[PDB]
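Listed next as structure tokens is one chain, alone, in the form deposited in one PDB entry.
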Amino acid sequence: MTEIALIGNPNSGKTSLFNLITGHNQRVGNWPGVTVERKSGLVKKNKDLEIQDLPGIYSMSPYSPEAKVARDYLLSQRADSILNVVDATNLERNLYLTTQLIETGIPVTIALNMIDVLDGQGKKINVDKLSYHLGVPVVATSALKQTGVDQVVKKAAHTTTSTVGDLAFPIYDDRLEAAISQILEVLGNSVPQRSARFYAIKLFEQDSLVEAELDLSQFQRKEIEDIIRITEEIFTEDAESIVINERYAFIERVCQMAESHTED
């Protein structure tokens, strides 16, 4: 059946949503790191959908074994849809992960959760603008007030690897895009086609996990090493910082659009 993965920072309301969606009473708690293993369940309002609760994760270069369970689930290619649960009150921080999720090529739908806390803070987010600039569907949800939950599941079900055509990725500085294209050429079929961009950017960043997982030839490694060196000279910066700063810069732009109330 259709597999929907709940992915997002710890303490963002993933399990709270899962409980509402499935009828389960899985562990929910007011600190990061409550869920520690995968839990499956059927969506109650549509039994053709299976949803997976997973440990929280801050980055796809993860900081804990628990987060690595979420990462490895996604890179195993089992999910048809990512339901990215985003804490609306800490948007910028949460979108760091989001950018990497979009790059996997598994279609992303955002549950913009804890919208009730944002409402209580006297703040708002332009959901249509956020969606437009991020290139993914966005539904405002509250697991507390039980709003938007059935809507975001329906959207996630409709936003699948089988229904979505050409996927729209976050576009960075064209000097980085050039290096990404070069790395993709070198990789060829050495990575799954759907997630190739994710892996190419991780190779540029010289991510240890990804370098260990991919069985790249000496030839490929030498050409990638050369592409990174050339690009660092162009940027006048190290590779790791180039990518971090480009993600940050992208998120900054999108968030100033999400804060924008003025009609356009």
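The first residue of the shown sequence is 1; numbering continues from there. Under this definition, the rigid core comprises the largest set of C-alpha atoms superposing within 1.5 Å between the forms.
As for the form deposited in another entry, it is not shown, yet the points below apply to it.
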Original post:
In a fit on the core, which one among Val28, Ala196, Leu42, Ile228 has a Cα that moves 2 Å or more between this form and the one not shown?
Top reply: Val28
Subject >> Yes/no, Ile51 Cα shift of 2 Å or more between this form and the one not shown with rigid core fixed >> reply: no
Subject >> Comparison of CA distance in the other entry with shown form for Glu50, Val28, at least 3 Å >> reply: closer
**OP:** Note whether the distance between the C-alpha atoms of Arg27 and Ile51 decreases (closer) or increases (farther) in the other entry, against the displayed form; the change is 3 Å or more.
**Re:** closer
